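Included below are structure tokens for two forms of one protein chain, each presented in isolation as structure 1 and structure 2.
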Structure 1
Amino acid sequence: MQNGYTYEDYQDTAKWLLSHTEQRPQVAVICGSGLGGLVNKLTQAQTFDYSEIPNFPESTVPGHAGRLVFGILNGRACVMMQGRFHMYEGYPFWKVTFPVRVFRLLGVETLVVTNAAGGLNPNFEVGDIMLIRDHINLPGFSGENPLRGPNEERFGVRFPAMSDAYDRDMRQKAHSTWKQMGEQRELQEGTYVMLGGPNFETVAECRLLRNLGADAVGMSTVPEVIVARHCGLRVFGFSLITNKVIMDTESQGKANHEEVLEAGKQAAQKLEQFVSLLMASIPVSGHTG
């Protein structure tokens, strides 16, 4: 059936975490494939395995550790999902996005989503960082949506708008911060398209997606962005272009999960630093003062 989680289920989980840590994060960060190293920048870190937290699902994908880590990143208190969940694991979207609603109940105001994606835009290179300015939700087109079923008014409204999903002011800041880093390669920005997986795309599917206007293709993030927005979380996200998708039948090679080599190795120090500097200020937003 539809969402099997009740409001109290999120309530209980949030209560469990609050009674087990003194940290009160405002920023929540989700780490995609091979981006699990973002965690080792945190100070005063406390790690919780998903399996010990009440209603939490579990990461079954290599590159996804399956741990919730609270810590202080460059002065700001945040919580990180070292590994996320995907629909191709057998998880329904209402299970995949469970942690987004828990964050909301913990008092989190901002959510930054990351992921590894295949490059569709020809100007993208392996190793590029693409700011997600927009997305195309293919599973959504068919009713596969985390918000399907009766609406929980306590989180948001029945018909939430998505045209303004990715925060404009945060994307301005990302660009400004990149300049300060002195990166030779420019900061990319585009549309992220989500499909189910777990197999990689055929040439025809890559050409089709590109013609639809997508810049990168992945198998996650979008459900989370929808639930986040629905409950009023400010959102920002970026894709690490781990590979160039096959656009020709004269296939030199084929995609493979070794793309973690591009993330948790190749572009480790870069985006980890990019995200740390990014914790400069929402500006915070703490009522007054």
Structure 2
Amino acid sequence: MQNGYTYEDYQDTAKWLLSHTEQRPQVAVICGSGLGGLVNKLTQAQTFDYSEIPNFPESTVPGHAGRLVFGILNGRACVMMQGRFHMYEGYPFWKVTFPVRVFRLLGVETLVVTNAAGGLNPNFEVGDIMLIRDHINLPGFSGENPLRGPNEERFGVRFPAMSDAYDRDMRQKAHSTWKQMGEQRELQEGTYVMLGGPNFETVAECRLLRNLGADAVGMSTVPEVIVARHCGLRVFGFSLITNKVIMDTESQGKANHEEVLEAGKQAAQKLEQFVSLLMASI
């Protein structure tokens, strides 16, 4: 497999955006979970529907419509993705990660990724926020990788390292900010594992995922982090623990989509003020 986008494609899209807005973001945020409401706190916001931006992959976002929003959040200029793309919709990883490279060409230096995730770690409770310290890329093990194919030297090297993908200083700042918020629940931190989806895991799969050392499971984010790190973007991210995974055959029930949506709704306010405060420390 080879990326279908030439360097010029990215550049054209970037040039189109610059000629249609006066905003010049330094931070890019890919919203997941109940963070979709974060667009409501931007100043001087300007919205672009994914369908009107050349080369942008078609939208297929549930709940939060596919919009790219520019604006000032807590004194910082940023651009946000309201709705992202997932492999389970049929998109190749090179379409999924297309926005990350455009962000780089706009002058962006920092990327914040957020998502909803199932809790594998027995100590996580619904509503918990887990800073992503590391990740396990299952699709990557089989070759499914956004960097597969010839390397574009103008973006980065052939063999980029990922052991330092999640910025250390960012996670330090995140802990201080959380303390300053006077939260009773502590800020979690752990390993996120991505798998394809769209179906939810079985008990047997959840037990091995946990045995492999993962704390949370999800169907996104990893390909974006890989491409971001490839082109030199400082990356920071976190998962909203939307549900605890069923790990015993005496299943009290089963993970459902309404459950995760509710969680995203109930924690929205907490996630928004958190990301807003973090802007001041980037």
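Residues that one form lacks are left out of the comparison. Structure 1 provides the reference sequence; residues are numbered from 1 along it. Take the two forms, find the largest set of C-alpha atoms that superpose within 1.5 Å, and that set is the rigid core.
Core superposition between the two structures leaves every listed residue (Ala255, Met247, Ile53, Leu261) with a C-alpha shift below 2 angstroms except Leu261. In this overlay on the rigid core, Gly237 has a C-alpha that sits less than 2 Å away from its partner position between the two structures. If you fit the rigid core between the two structures, you'll see the Cα of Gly34 move by 2 angstroms or more.
Core-aligned Cα shift between the two structures at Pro62: this is 1.4 Å. Core superposition between the two structures reveals the following runs of 3 or more residues with every CA shifted by 2 angstroms or more: 33-35, 259-264.
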